[PDB]
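In the structure tokens that follow, the same protein chain appears in two forms, which are kept apart as structure 1 and structure 2.
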Structure 1
């Protein structure tokens, strides 16, 4: 009905990023696990885990968001700029999920960048954007994003959305646990 900025954000994210990165994602993780060391087999997960914090807060470093999340390595490149699409290549990060001072899991992990736009709008007066407005568009962003992936060809299979909202007060939340739950699940 109204403006609904989320719809545009979701499509740009998929068309301009997800669809270009996802196809070769499995291969780049295979390279890290099997072809970057002859003494050990890597155990990096097979999917791109996309953090979708409804509050749209996106820290520069994951560890600060949670100490139990630690940067491990850069996802190896392919490498091919001219495969057709061009934007390639892209920088991606592998993280180890700590639990009891012990590595519980490992995976390529990142926030949904468009949420920065959402966050920035709410902090921009001319936008007339409130907290609830941000939440509304954030939820919407996820809904339309997963709607897109469903119609996608296996792109949904190389990818998983981790949407979550933290309580406002007396808030006990563990990002790593949230991710782990997802990793562990399969």
Structure 2
């Protein structure tokens, strides 16, 4: 269903455009240290806040990369931007990386709320899973992915406290070892 098109659109109109130029952008910043790879958050609840420091204050915005621009579909200098965050753990800087949510999941969340979209609110989790799975299969085979990015899919427990998002990211970041 809908997650398949959105996963493909996310690759085609974003990942395949930005991944081949990412390492080069990261070097340039590091002169003027940031881990290689784009870390893409995939919350299966589709809860995508716009400010990441509100998902977890241990994720703390540092800076932006150098913008990448390109002429796209009649738009001159369409801008692709990405943000660099520091991951904190017990008050210590434990990691630095380019981190963001996968925006199509916010697009599934919204769809589920608009009547005329014929997308039922209880189909969210199944579409989110389909989106993650489609996207992994795309990136296994993707020439533009060689390292390059890491998917961080997760599901919060029902419905207690704990869950650290920073710790979730820190786990994958440490793996890169």
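Only residues modelled in both forms are compared. Rigid core (definition): largest C-alpha set, two forms, superposition within 1.5 Å. Numbering follows the first chain given and starts at 1.
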Flagged residue of 75, 98, 72, 89 - C-alpha shift reaching 2 Å or more between structures 1 and 2, core superposed: 89
Would the C-alpha of residue 130 be classed as shifted by 2 Å or more between structures 1 and 2 after rigid-core alignment? yes
Residue 156 CA shift between structures 1 and 2 in angstrom, with the core used for superposition: 4.8
If the core is used for the superposition, what shift in Å does the C-alpha of residue 179 show between structures 1 and 2? 0.4
Superposed on the core, the stretches of at least three consecutive shared residues with every Cα displaced by 2 Å or more between structures 1 and 2, in sequence order, are 77 to 89, 124 to 132
